[PDB]
file start13.cif (mmCIF, N, CA and C atoms)
data_coords
#
loop_
_atom_site.group_PDB
_atom_site.id
_atom_site.type_symbol
_atom_site.label_atom_id
_atom_site.label_comp_id
_atom_site.auth_asym_id
_atom_site.auth_seq_id
_atom_site.Cartn_x
_atom_site.Cartn_y
_atom_site.Cartn_z
ATOM 1 N N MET A 1 7.722 4.809 -20.027
ATOM 2 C CA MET A 1 7.930 4.490 -18.592
ATOM 3 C C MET A 1 8.412 5.741 -17.869
ATOM 4 N N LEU A 2 7.681 6.144 -16.837
ATOM 5 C CA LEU A 2 8.045 7.330 -16.068
ATOM 6 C C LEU A 2 9.304 7.069 -15.236
ATOM 7 N N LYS A 3 10.355 7.852 -15.482
ATOM 8 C CA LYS A 3 11.634 7.692 -14.786
ATOM 9 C C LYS A 3 11.970 8.824 -13.807
ATOM 10 N N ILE A 4 12.159 8.458 -12.540
ATOM 11 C CA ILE A 4 12.468 9.412 -11.477
ATOM 12 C C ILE A 4 13.883 9.252 -10.940
ATOM 13 N N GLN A 5 14.528 10.377 -10.664
ATOM 14 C CA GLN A 5 15.876 10.353 -10.141
ATOM 15 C C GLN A 5 16.031 11.224 -8.921
ATOM 16 N N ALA A 6 16.530 10.633 -7.847
ATOM 17 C CA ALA A 6 16.757 11.388 -6.630
ATOM 18 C C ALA A 6 18.066 10.913 -6.050
ATOM 19 N N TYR A 7 18.523 11.574 -4.998
ATOM 20 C CA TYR A 7 19.768 11.164 -4.389
ATOM 21 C C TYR A 7 19.589 10.530 -3.027
ATOM 22 N N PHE A 8 20.577 9.727 -2.671
ATOM 23 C CA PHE A 8 20.637 9.028 -1.407
ATOM 24 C C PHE A 8 20.317 9.966 -0.251
ATOM 25 N N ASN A 9 19.577 9.460 0.727
ATOM 26 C CA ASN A 9 19.194 10.214 1.918
ATOM 27 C C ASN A 9 18.318 11.425 1.605
ATOM 28 N N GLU A 10 17.807 11.490 0.385
ATOM 29 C CA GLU A 10 16.930 12.588 0.016
ATOM 30 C C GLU A 10 15.489 12.073 -0.099
ATOM 31 N N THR A 11 14.692 12.738 -0.924
ATOM 32 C CA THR A 11 13.299 12.367 -1.090
ATOM 33 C C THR A 11 12.933 12.214 -2.561
ATOM 34 N N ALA A 12 11.836 11.527 -2.819
ATOM 35 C CA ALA A 12 11.384 11.328 -4.173
ATOM 36 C C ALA A 12 9.863 11.337 -4.216
ATOM 37 N N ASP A 13 9.307 11.866 -5.290
ATOM 38 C CA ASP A 13 7.866 11.860 -5.431
ATOM 39 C C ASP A 13 7.487 10.884 -6.522
ATOM 40 N N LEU A 14 6.830 9.801 -6.127
ATOM 41 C CA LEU A 14 6.401 8.784 -7.073
ATOM 42 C C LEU A 14 5.031 9.173 -7.600
ATOM 43 N N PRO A 15 4.961 9.545 -8.891
ATOM 44 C CA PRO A 15 3.748 9.964 -9.599
ATOM 45 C C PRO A 15 2.796 8.834 -9.927
ATOM 46 N N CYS A 16 1.536 9.072 -9.628
ATOM 47 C CA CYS A 16 0.514 8.085 -9.880
ATOM 48 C C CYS A 16 -0.035 8.280 -11.308
ATOM 49 N N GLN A 17 0.214 9.461 -11.877
ATOM 50 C CA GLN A 17 -0.218 9.802 -13.234
ATOM 51 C C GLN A 17 -1.690 9.509 -13.475
ATOM 52 N N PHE A 18 -2.524 9.958 -12.555
ATOM 53 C CA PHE A 18 -3.955 9.727 -12.633
ATOM 54 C C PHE A 18 -4.673 11.051 -12.863
ATOM 55 N N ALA A 19 -5.126 11.250 -14.098
ATOM 56 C CA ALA A 19 -5.840 12.454 -14.501
ATOM 57 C C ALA A 19 -7.177 12.493 -13.799
ATOM 58 N N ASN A 20 -7.671 11.313 -13.454
ATOM 59 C CA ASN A 20 -8.950 11.180 -12.792
ATOM 60 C C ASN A 20 -10.091 11.573 -13.730
ATOM 61 N N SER A 21 -10.028 11.099 -14.971
ATOM 62 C CA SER A 21 -11.089 11.390 -15.930
ATOM 63 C C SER A 21 -12.369 10.762 -15.385
ATOM 64 N N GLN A 22 -12.197 9.742 -14.555
ATOM 65 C CA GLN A 22 -13.309 9.040 -13.934
ATOM 66 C C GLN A 22 -14.039 9.959 -12.955
ATOM 67 N N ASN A 23 -13.373 11.042 -12.576
ATOM 68 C CA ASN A 23 -13.904 12.012 -11.635
ATOM 69 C C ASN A 23 -14.445 11.390 -10.360
ATOM 70 N N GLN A 24 -13.668 10.498 -9.764
ATOM 71 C CA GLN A 24 -14.068 9.866 -8.518
ATOM 72 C C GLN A 24 -13.616 10.751 -7.360
ATOM 73 N N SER A 25 -14.116 10.462 -6.169
ATOM 74 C CA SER A 25 -13.701 11.198 -4.994
ATOM 75 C C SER A 25 -12.935 10.154 -4.189
ATOM 76 N N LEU A 26 -11.909 10.589 -3.466
ATOM 77 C CA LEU A 26 -11.066 9.687 -2.694
ATOM 78 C C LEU A 26 -11.836 8.775 -1.744
ATOM 79 N N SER A 27 -12.951 9.282 -1.229
ATOM 80 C CA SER A 27 -13.778 8.524 -0.295
ATOM 81 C C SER A 27 -14.385 7.277 -0.936
ATOM 82 N N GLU A 28 -14.308 7.199 -2.260
ATOM 83 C CA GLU A 28 -14.864 6.057 -2.980
ATOM 84 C C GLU A 28 -13.796 5.136 -3.547
ATOM 85 N N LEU A 29 -12.535 5.496 -3.330
ATOM 86 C CA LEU A 29 -11.424 4.721 -3.852
ATOM 87 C C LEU A 29 -10.493 4.098 -2.823
ATOM 88 N N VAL A 30 -9.762 3.097 -3.277
ATOM 89 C CA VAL A 30 -8.787 2.411 -2.457
ATOM 90 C C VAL A 30 -7.489 2.531 -3.252
ATOM 91 N N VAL A 31 -6.522 3.264 -2.706
ATOM 92 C CA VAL A 31 -5.241 3.478 -3.375
ATOM 93 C C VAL A 31 -4.085 2.684 -2.780
ATOM 94 N N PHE A 32 -3.407 1.913 -3.614
ATOM 95 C CA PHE A 32 -2.269 1.119 -3.169
ATOM 96 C C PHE A 32 -1.024 1.528 -3.940
ATOM 97 N N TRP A 33 0.130 1.295 -3.323
ATOM 98 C CA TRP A 33 1.422 1.552 -3.934
ATOM 99 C C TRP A 33 2.256 0.363 -3.528
ATOM 100 N N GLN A 34 2.788 -0.379 -4.489
ATOM 101 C CA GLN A 34 3.643 -1.508 -4.145
ATOM 102 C C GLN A 34 4.912 -1.490 -4.995
ATOM 103 N N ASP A 35 5.998 -2.044 -4.461
ATOM 104 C CA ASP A 35 7.263 -2.066 -5.183
ATOM 105 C C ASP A 35 7.365 -3.256 -6.127
ATOM 106 N N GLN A 36 8.528 -3.438 -6.734
ATOM 107 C CA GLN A 36 8.713 -4.544 -7.659
ATOM 108 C C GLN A 36 8.417 -5.887 -7.015
ATOM 109 N N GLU A 37 8.550 -5.967 -5.696
ATOM 110 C CA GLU A 37 8.314 -7.217 -4.987
ATOM 111 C C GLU A 37 6.933 -7.278 -4.360
ATOM 112 N N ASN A 38 6.000 -6.505 -4.910
ATOM 113 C CA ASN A 38 4.621 -6.461 -4.423
ATOM 114 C C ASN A 38 4.463 -6.119 -2.944
ATOM 115 N N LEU A 39 5.408 -5.357 -2.394
ATOM 116 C CA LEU A 39 5.334 -4.951 -0.991
ATOM 117 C C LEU A 39 4.574 -3.640 -0.963
ATOM 118 N N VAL A 40 3.721 -3.480 0.041
ATOM 119 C CA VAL A 40 2.914 -2.277 0.154
ATOM 120 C C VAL A 40 3.737 -1.131 0.708
ATOM 121 N N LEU A 41 3.631 0.031 0.067
ATOM 122 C CA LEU A 41 4.334 1.234 0.502
ATOM 123 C C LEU A 41 3.332 2.036 1.308
ATOM 124 N N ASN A 42 2.160 2.230 0.711
ATOM 125 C CA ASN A 42 1.095 3.006 1.322
ATOM 126 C C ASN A 42 -0.292 2.546 0.852
ATOM 127 N N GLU A 43 -1.301 2.756 1.693
ATOM 128 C CA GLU A 43 -2.678 2.394 1.366
ATOM 129 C C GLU A 43 -3.674 3.418 1.906
ATOM 130 N N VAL A 44 -4.547 3.912 1.033
ATOM 131 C CA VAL A 44 -5.562 4.867 1.446
ATOM 132 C C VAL A 44 -6.934 4.275 1.167
ATOM 133 N N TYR A 45 -7.480 3.634 2.195
ATOM 134 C CA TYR A 45 -8.778 2.998 2.139
ATOM 135 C C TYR A 45 -9.884 4.019 2.285
ATOM 136 N N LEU A 46 -10.651 4.192 1.220
ATOM 137 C CA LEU A 46 -11.757 5.132 1.207
ATOM 138 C C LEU A 46 -11.408 6.454 1.880
ATOM 139 N N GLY A 47 -10.204 6.957 1.628
ATOM 140 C CA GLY A 47 -9.816 8.239 2.195
ATOM 141 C C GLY A 47 -8.982 8.252 3.461
ATOM 142 N N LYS A 48 -8.868 7.112 4.130
ATOM 143 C CA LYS A 48 -8.083 7.022 5.357
ATOM 144 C C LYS A 48 -6.871 6.116 5.170
ATOM 145 N N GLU A 49 -5.708 6.551 5.644
ATOM 146 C CA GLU A 49 -4.511 5.725 5.507
ATOM 147 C C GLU A 49 -4.587 4.488 6.406
ATOM 148 N N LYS A 50 -4.188 3.354 5.841
ATOM 149 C CA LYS A 50 -4.223 2.061 6.510
ATOM 150 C C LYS A 50 -2.793 1.527 6.528
ATOM 151 N N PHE A 51 -2.178 1.499 7.707
ATOM 152 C CA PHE A 51 -0.795 1.045 7.826
ATOM 153 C C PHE A 51 -0.574 -0.408 8.208
ATOM 154 N N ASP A 52 -1.641 -1.183 8.318
ATOM 155 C CA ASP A 52 -1.479 -2.575 8.702
ATOM 156 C C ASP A 52 -1.160 -3.474 7.522
ATOM 157 N N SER A 53 -0.886 -2.871 6.373
ATOM 158 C CA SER A 53 -0.568 -3.639 5.179
ATOM 159 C C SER A 53 0.822 -3.240 4.702
ATOM 160 N N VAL A 54 1.280 -2.098 5.201
ATOM 161 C CA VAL A 54 2.586 -1.544 4.859
ATOM 162 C C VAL A 54 3.726 -2.416 5.370
ATOM 163 N N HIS A 55 4.709 -2.670 4.511
ATOM 164 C CA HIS A 55 5.857 -3.476 4.900
ATOM 165 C C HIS A 55 6.733 -2.625 5.810
ATOM 166 N N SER A 56 7.346 -3.244 6.810
ATOM 167 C CA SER A 56 8.192 -2.497 7.740
ATOM 168 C C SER A 56 9.231 -1.668 6.985
ATOM 169 N N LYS A 57 9.677 -2.208 5.855
ATOM 170 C CA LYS A 57 10.668 -1.564 4.998
ATOM 171 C C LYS A 57 10.276 -0.129 4.604
ATOM 172 N N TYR A 58 8.981 0.161 4.682
ATOM 173 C CA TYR A 58 8.468 1.465 4.318
ATOM 174 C C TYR A 58 7.800 2.218 5.467
ATOM 175 N N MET A 59 7.565 1.534 6.585
ATOM 176 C CA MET A 59 6.932 2.179 7.730
ATOM 177 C C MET A 59 7.628 3.492 8.095
ATOM 178 N N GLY A 60 6.854 4.579 8.075
ATOM 179 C CA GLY A 60 7.348 5.906 8.416
ATOM 180 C C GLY A 60 7.946 6.736 7.293
ATOM 181 N N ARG A 61 8.162 6.126 6.132
ATOM 182 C CA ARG A 61 8.788 6.814 4.998
ATOM 183 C C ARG A 61 7.892 7.257 3.843
ATOM 184 N N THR A 62 6.593 7.027 3.950
ATOM 185 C CA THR A 62 5.718 7.409 2.862
ATOM 186 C C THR A 62 4.678 8.429 3.254
ATOM 187 N N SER A 63 4.126 9.099 2.253
ATOM 188 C CA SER A 63 3.115 10.119 2.488
ATOM 189 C C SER A 63 2.398 10.364 1.181
ATOM 190 N N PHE A 64 1.093 10.131 1.173
ATOM 191 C CA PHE A 64 0.307 10.303 -0.039
ATOM 192 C C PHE A 64 -0.416 11.640 -0.150
ATOM 193 N N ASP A 65 -0.298 12.285 -1.306
ATOM 194 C CA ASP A 65 -0.960 13.562 -1.528
ATOM 195 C C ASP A 65 -2.041 13.423 -2.580
ATOM 196 N N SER A 66 -3.291 13.436 -2.132
ATOM 197 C CA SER A 66 -4.438 13.288 -3.025
ATOM 198 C C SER A 66 -4.588 14.405 -4.050
ATOM 199 N N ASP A 67 -4.137 15.604 -3.708
ATOM 200 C CA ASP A 67 -4.208 16.737 -4.617
ATOM 201 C C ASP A 67 -3.487 16.398 -5.902
ATOM 202 N N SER A 68 -2.304 15.817 -5.753
ATOM 203 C CA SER A 68 -1.458 15.476 -6.887
ATOM 204 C C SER A 68 -1.433 14.003 -7.229
ATOM 205 N N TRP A 69 -2.020 13.180 -6.376
ATOM 206 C CA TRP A 69 -2.000 11.753 -6.626
ATOM 207 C C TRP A 69 -0.534 11.383 -6.770
ATOM 208 N N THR A 70 0.193 11.663 -5.700
ATOM 209 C CA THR A 70 1.600 11.386 -5.646
ATOM 210 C C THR A 70 1.992 10.855 -4.290
ATOM 211 N N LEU A 71 2.839 9.835 -4.282
ATOM 212 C CA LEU A 71 3.324 9.283 -3.027
ATOM 213 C C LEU A 71 4.729 9.838 -2.880
ATOM 214 N N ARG A 72 5.053 10.309 -1.688
ATOM 215 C CA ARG A 72 6.382 10.838 -1.462
ATOM 216 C C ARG A 72 7.157 9.816 -0.643
ATOM 217 N N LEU A 73 8.278 9.344 -1.181
ATOM 218 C CA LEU A 73 9.093 8.371 -0.470
ATOM 219 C C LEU A 73 10.236 9.113 0.188
ATOM 220 N N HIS A 74 10.282 9.070 1.519
ATOM 221 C CA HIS A 74 11.323 9.772 2.251
ATOM 222 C C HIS A 74 12.532 8.932 2.605
ATOM 223 N N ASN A 75 13.608 9.624 2.979
ATOM 224 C CA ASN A 75 14.852 8.994 3.402
ATOM 225 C C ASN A 75 15.312 7.926 2.399
ATOM 226 N N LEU A 76 15.539 8.327 1.157
ATOM 227 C CA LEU A 76 15.938 7.366 0.139
ATOM 228 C C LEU A 76 17.190 6.575 0.451
ATOM 229 N N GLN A 77 17.172 5.307 0.052
ATOM 230 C CA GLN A 77 18.296 4.398 0.231
ATOM 231 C C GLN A 77 18.729 3.976 -1.165
ATOM 232 N N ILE A 78 20.007 3.682 -1.358
ATOM 233 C CA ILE A 78 20.439 3.260 -2.675
ATOM 234 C C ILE A 78 19.640 2.006 -3.022
ATOM 235 N N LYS A 79 19.204 1.284 -2.000
ATOM 236 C CA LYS A 79 18.424 0.069 -2.201
ATOM 237 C C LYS A 79 16.985 0.338 -2.637
ATOM 238 N N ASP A 80 16.532 1.579 -2.502
ATOM 239 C CA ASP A 80 15.166 1.901 -2.884
ATOM 240 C C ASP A 80 14.979 1.987 -4.390
ATOM 241 N N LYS A 81 16.068 2.001 -5.148
ATOM 242 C CA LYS A 81 15.938 2.088 -6.593
ATOM 243 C C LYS A 81 15.099 0.929 -7.103
ATOM 244 N N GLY A 82 14.395 1.167 -8.205
ATOM 245 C CA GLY A 82 13.553 0.137 -8.784
ATOM 246 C C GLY A 82 12.254 0.651 -9.383
ATOM 247 N N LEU A 83 11.346 -0.269 -9.673
ATOM 248 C CA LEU A 83 10.074 0.097 -10.260
ATOM 249 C C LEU A 83 8.966 0.069 -9.199
ATOM 250 N N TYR A 84 8.147 1.117 -9.192
ATOM 251 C CA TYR A 84 7.035 1.240 -8.256
ATOM 252 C C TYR A 84 5.736 1.368 -9.029
ATOM 253 N N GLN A 85 4.636 1.032 -8.372
ATOM 254 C CA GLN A 85 3.347 1.037 -9.037
ATOM 255 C C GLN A 85 2.191 1.633 -8.243
ATOM 256 N N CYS A 86 1.376 2.440 -8.916
ATOM 257 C CA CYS A 86 0.212 3.032 -8.279
ATOM 258 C C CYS A 86 -0.954 2.202 -8.760
ATOM 259 N N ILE A 87 -1.799 1.760 -7.833
ATOM 260 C CA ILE A 87 -2.971 0.962 -8.178
ATOM 261 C C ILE A 87 -4.224 1.525 -7.528
ATOM 262 N N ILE A 88 -5.172 1.959 -8.348
ATOM 263 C CA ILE A 88 -6.389 2.548 -7.819
ATOM 264 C C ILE A 88 -7.689 1.802 -8.108
ATOM 265 N N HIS A 89 -8.381 1.431 -7.038
ATOM 266 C CA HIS A 89 -9.651 0.739 -7.162
ATOM 267 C C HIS A 89 -10.851 1.622 -6.825
ATOM 268 N N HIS A 90 -11.959 1.370 -7.511
ATOM 269 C CA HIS A 90 -13.203 2.057 -7.217
ATOM 270 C C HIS A 90 -13.943 0.994 -6.417
ATOM 271 N N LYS A 91 -14.179 1.256 -5.141
ATOM 272 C CA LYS A 91 -14.866 0.254 -4.349
ATOM 273 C C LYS A 91 -16.361 0.358 -4.561
ATOM 274 N N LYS A 92 -16.948 -0.695 -5.113
ATOM 275 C CA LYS A 92 -18.382 -0.713 -5.338
ATOM 276 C C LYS A 92 -18.979 -1.421 -4.130
ATOM 277 N N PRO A 93 -20.299 -1.321 -3.933
ATOM 278 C CA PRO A 93 -20.864 -2.011 -2.774
ATOM 279 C C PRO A 93 -20.455 -3.477 -2.770
ATOM 280 N N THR A 94 -20.369 -4.080 -3.953
ATOM 281 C CA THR A 94 -19.957 -5.476 -4.050
ATOM 282 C C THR A 94 -18.562 -5.522 -3.443
ATOM 283 N N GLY A 95 -17.557 -5.280 -4.284
ATOM 284 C CA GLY A 95 -16.173 -5.282 -3.836
ATOM 285 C C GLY A 95 -15.362 -4.135 -4.425
ATOM 286 N N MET A 96 -14.355 -4.467 -5.227
ATOM 287 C CA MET A 96 -13.528 -3.437 -5.844
ATOM 288 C C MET A 96 -13.336 -3.655 -7.334
ATOM 289 N N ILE A 97 -13.035 -2.582 -8.046
ATOM 290 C CA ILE A 97 -12.767 -2.667 -9.470
ATOM 291 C C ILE A 97 -11.547 -1.803 -9.705
ATOM 292 N N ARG A 98 -10.557 -2.363 -10.375
ATOM 293 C CA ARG A 98 -9.342 -1.621 -10.651
ATOM 294 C C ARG A 98 -9.608 -0.646 -11.797
ATOM 295 N N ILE A 99 -9.367 0.637 -11.556
ATOM 296 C CA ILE A 99 -9.595 1.619 -12.599
ATOM 297 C C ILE A 99 -8.331 2.339 -13.002
ATOM 298 N N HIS A 100 -7.203 1.993 -12.399
ATOM 299 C CA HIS A 100 -5.983 2.671 -12.794
ATOM 300 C C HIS A 100 -4.691 1.973 -12.382
ATOM 301 N N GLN A 101 -3.637 2.233 -13.150
ATOM 302 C CA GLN A 101 -2.319 1.666 -12.896
ATOM 303 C C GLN A 101 -1.205 2.454 -13.562
ATOM 304 N N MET A 102 -0.077 2.528 -12.885
ATOM 305 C CA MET A 102 1.045 3.242 -13.450
ATOM 306 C C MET A 102 2.310 2.823 -12.750
ATOM 307 N N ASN A 103 3.385 2.782 -13.521
ATOM 308 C CA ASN A 103 4.668 2.421 -12.976
ATOM 309 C C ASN A 103 5.618 3.598 -13.060
ATOM 310 N N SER A 104 6.541 3.645 -12.108
ATOM 311 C CA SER A 104 7.536 4.694 -12.049
ATOM 312 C C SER A 104 8.867 4.016 -11.796
ATOM 313 N N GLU A 105 9.912 4.508 -12.448
ATOM 314 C CA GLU A 105 11.241 3.948 -12.277
ATOM 315 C C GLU A 105 12.019 4.948 -11.457
ATOM 316 N N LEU A 106 12.353 4.564 -10.235
ATOM 317 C CA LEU A 106 13.089 5.437 -9.348
ATOM 318 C C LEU A 106 14.574 5.076 -9.323
ATOM 319 N N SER A 107 15.422 6.053 -9.626
ATOM 320 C CA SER A 107 16.861 5.847 -9.598
ATOM 321 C C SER A 107 17.399 6.615 -8.415
ATOM 322 N N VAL A 108 18.145 5.939 -7.552
ATOM 323 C CA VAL A 108 18.719 6.597 -6.390
ATOM 324 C C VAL A 108 20.232 6.646 -6.567
ATOM 325 N N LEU A 109 20.765 7.858 -6.684
ATOM 326 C CA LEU A 109 22.203 8.034 -6.868
ATOM 327 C C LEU A 109 22.871 8.324 -5.538
ATOM 328 N N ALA A 110 24.108 7.869 -5.392
ATOM 329 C CA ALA A 110 24.843 8.105 -4.159
ATOM 330 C C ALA A 110 25.543 9.440 -4.263
#
call {"tool": "encode", "arguments": {"input": "start13.cif", "output": "structure tokens"}}
result
Amino acid sequence: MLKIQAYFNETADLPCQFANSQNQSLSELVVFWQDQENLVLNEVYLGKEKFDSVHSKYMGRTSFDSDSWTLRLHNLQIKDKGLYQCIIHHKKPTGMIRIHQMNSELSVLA
């Protein structure tokens, strides 16, 4: 289990741990990040960020980097500690197929 540690009011990079052996391009994928309570942190629909699914709890605090397949969670709260998940779908003309998953344990120290 990937364990991350950051401090209160600081920042954290939640790793998606996607080698991309599938060699997909972002324009063909749908990337989601949700917390232990299945709340959306960030969503990148076929390459474009979609904020109408993001929970207010995260509005303005996330930023996804495709180069590293990492979501950056800003302005950490002691309440942000917990388990997070990266979920990547390959959107086929039909619908979607899940091709990846990873969890990260974020510890926020005061």
call {"tool": "residues_around", "arguments": {"input": "start13.cif", "residues": "residue A:53", "least_positions_apart": "6", "cutoff": "8 Å", "atoms": "only C-alpha atoms", "output": "list in words"}}
result
residues 40, 42 and 43 of chain A
call {"tool": "closest_residue", "arguments": {"input": "start13.cif", "among": "A:65, A:52, A:80, A:37", "to": "residue A:8", "atoms": "only C-alpha atoms"}}
result
A:80
call {"tool": "atom_distance", "arguments": {"input": "start13.cif", "atom1": "atom C of residue A:62", "atom2": "atom CA of residue A:101"}}
result
18.9 Å
call {"tool": "residues_around", "arguments": {"input": "start13.cif", "residues": "residue A:32", "least_positions_apart": "3", "cutoff": "6.5 Å", "atoms": "only N, CA and C atoms", "output": "PyMOL selection string"}}
result
chain A and resi 41-44+85-89
call {"tool": "residues_around", "arguments": {"input": "start13.cif", "residues": "stretch 10-23 of chain A", "least_positions_apart": "6", "cutoff": "9 Å", "atoms": "only C-alpha atoms", "output": "ChimeraX atom specification"}}
result
/A:2,4,33,68-77,84-88,99-106,108
call {"tool": "atom_distance", "arguments": {"input": "start13.cif", "atom1": "atom C of residue A:61", "atom2": "atom CA of residue A:29"}}
result
20.9 Å
call {"tool": "select_by_dssp", "arguments": {"input": "start13.cif", "residues": "chain A", "states": "strand (DSSP E or B)", "output": "PyMOL selection string"}}
result
chain A and resi 2-7+12-15+29-35+40-45+48-49+54+62-65+70-73+82-91+96-109
call {"tool": "atom_distance", "arguments": {"input": "start13.cif", "atom1": "atom N of residue A:49", "atom2": "atom CA of residue A:82"}}
result
24.9 Å
call {"tool": "closest_residue", "arguments": {"input": "start13.cif", "among": "A:94, A:109, A:47, A:56", "to": "residue A:25", "atoms": "only C-alpha atoms"}}
result
A:47
call {"tool": "closest_residue", "arguments": {"input": "start13.cif", "among": "A:46, A:64, A:95, A:107", "to": "residue A:83", "atoms": "all atoms listed in the file"}}
result
A:107
call {"tool": "axis_aligned_box", "arguments": {"input": "start13.cif", "around": "stretch 36-40 of chain A", "padding_each_side": "8 Å", "output": "JSON"}}
result
{"center_x": 5.8, "center_y": -4.2, "center_z": -3.5, "size_x": 21.8, "size_y": 22.1, "size_z": 24.4}
